[PDB]
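Visitor: Structure incoming, see below.
Every residue, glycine as well, gets a Cβ built from its backbone with ideal geometry; the counts of neighbours run over all protein chains shown. Every read-out reported here was derived from the displayed coordinates using simple, explicitly stated rules and does not represent laboratory data.
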């Protein structure tokens, strides 16, 4: 028997069932260190303008 | 009395002006010293949103099935 595979039927991405489970963290690395605290919310007008030497507001 | 009535100011007016003006500039001085202390600790540890020089953007890191199995 053994029908020859047509060009290009040795292609065409394939499913397969397994028995072992799909892995988490296959790169055997540590966890993520820290997120950055996000600055959100509305903003008020500035406290007394510039707070430089002078030029107050 | 006429000179004080038509030209000059009450000591109440000037006195409360001095007191309000000291309130304003005391706020300014306290905010200025607090600003430089926040800046020095934020440069020292880096936890704040100011001194964050841009690192690698990971959106271009696109994991996919490669050619070689052992990457």
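Visitor: Of B:45, B:58, B:13, which is the most mobile in a GNM of chain B whose springs link Cα atoms less than 10 angstrom apart?
Guide: B:58
Visitor: Same structure again: Using alpha carbons only, how many angstrom separate the centre of region A:7-52 from the centre of region B:1-26?
Guide: Computed from Cα coordinates, the inter-centre distance equals 62 Å.
Visitor: Sticking with this structure for a sec: What shape does the protein assembly as shown take by its C-alpha gyration tensor, where a ≥ b ≥ c are the square roots of the eigenvalues and a/c under 1.5 counts as rounded, a/b above b/c as prolate, and the rest as oblate?
Guide: prolate
Visitor: If you fit an axis through the alpha-carbon atoms of helix B:11-45 and take the longest principal axis of the Cα set of chain B, what angle between them do you get, 0 to 90°, nearest 10?
Guide: The two axes meet at around 20 degrees.
Visitor: Is there a simple number for the mean count of other chain Cβ atoms within 10 Å of the Cβ of residues in A:21-29, and what is it? Walk me through the numbers before you get to the answer.
Guide: Values: counts 0, 0, 0, 0, 0, 0, 2, 0, 0.
For peptide A:21-29, the averaged partner shielding equals 0.
Visitor: By counting other Cβ atoms within 10 Å of each Cβ, how are A:57, B:42 ranked from fewest to most?
Guide: A:57, B:42
Visitor: For chain B, what is the mean residue ellipticity at 222 nm derived from helices alone (per DSSP H run of n ≥ 4: -39500 (n - 2.57); sum divided by total residues; nearest 500 deg cm²/dmol)?
Guide: So the helix-based figure for chain B works out to -19500 deg cm²/dmol.
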